[PDB]
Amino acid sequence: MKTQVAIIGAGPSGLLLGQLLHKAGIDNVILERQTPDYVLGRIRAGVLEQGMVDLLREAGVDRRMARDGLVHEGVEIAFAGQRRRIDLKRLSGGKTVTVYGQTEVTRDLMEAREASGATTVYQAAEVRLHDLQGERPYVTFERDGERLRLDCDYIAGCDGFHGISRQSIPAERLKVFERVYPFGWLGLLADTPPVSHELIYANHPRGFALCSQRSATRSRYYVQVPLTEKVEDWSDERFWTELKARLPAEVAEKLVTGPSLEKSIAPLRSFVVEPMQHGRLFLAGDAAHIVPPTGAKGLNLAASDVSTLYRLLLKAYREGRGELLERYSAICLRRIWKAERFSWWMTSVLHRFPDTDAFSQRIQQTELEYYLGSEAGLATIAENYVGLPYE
């Protein structure tokens, strides 16, 4: 088979790129290692920047989101007794964020794709990229036990952190930057009403906790935990008791608890690869960079890379300007580092780190006191949180 753009990975990055391109006339084929169910079993993210909200509208897949998503105008930081609310709308100059599950976005995109009739190959094994630097690169894979070959002009590696794309670029061409945090997040999904109409990030001496939601009757909660913990050690009971111990008494007493639908530990990391492309291979989403979940930037950066890739591919195709694709990494990396800096900051001020001397404890507390107390301070949080402007 042959196509124009081969897309490896059917996650939000891949499906979104595929929908944008297809809608513009550029044919694409998506290859996915797993089954649709497996992809749809991932809970993960739930906060979307306005820029991605508009990209979804542009991809023409927003009916359900415009209906079920929730528009939040403020978020709350709880520390040392107090609870401070950041007014995102007025501090950012009219911008807000939308709460709508990553699973929902994926479900919506998958629905739009199936209906469009565009090609999608699930259970495509042993994917391999070939001739990344020629005018005619190709992709090989196995479906059942047959080795197929797909010819294309470009390949978009949207296969996540453990994908085959990044591994296909000679190690000597890539420069890696990385930070691993000594803790993870134990998340829990429950069919109970959320404890607050907006999110609550809480810094507590026992560690970080996060009060989030997915809908009016569906909550998502997290608590920081050591990398040494295993999810089977944390029963629902233990989670609720632990969560309550880390929240403001007034919040803890309003909490409707319940049996978990899903529970899992996600470790924290920071990772950036430079550049994000090789020949006719362009990386997007987690294939190129990972951010700790604290600032909610993962899914959002995936969306911005894709927005950039889609728009450079449009020019190259319809306007015959293939020279523009060379600046892909430069454009994306400016936003990526800004988002990595913010995610890192949020993570350092809200989490309890092991082996922290007295001075750094005091500085972390004061960082909060200054930023949550100064108008200029709150503004740096707001503009970064709603999302910096797409360039």
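Just count from 1 along the sequence shown to find any residue number.
Out of 213-221 and 316-324, which one has CA B-factors that are higher on average in the deposited record? 316-324 has the higher mean C-alpha B-factor.
Would 260-268 or 107-115 have the larger average of its C-alpha temperature factors, as given in the entry? Between 107-115 and 260-268, it is 260-268 that shows the higher mean C-alpha B-factor.
Top Cα B factor in the deposited entry, candidates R362, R352, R64, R335: Comparing C-alpha B-factors across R362, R352, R64, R335, the maximum falls on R64.
Highest Cα B-factor in the PDB entry belongs to which of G134, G101, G184, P292? If I rank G134, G101, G184, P292 by C-alpha B-factor, first place goes to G134.
Ranked against its chain, the third holding the CA B-factor of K297: Lowest third - that is where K297 ends up once the chain's C-alpha B-factors are sorted.
Relative C-alpha B-factor of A358, binned into the chain's lowest, middle or highest third: Top third by C-alpha B-factor.
Ranking every modelled residue in this chain by its Cα temperature factor as given in the entry, which third contains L378? Middle third by C-alpha B-factor.
Ranked C-alpha temperature factor of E253 among modelled chain residues, by third: As the PDB entry reports it, the C-alpha B-factor of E253 lands in the highest third of its chain.
What third of its chain's C-alpha B-factors does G157 belong to: lowest, middle or highest? Lowest third of the chain for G157's C-alpha B-factor.
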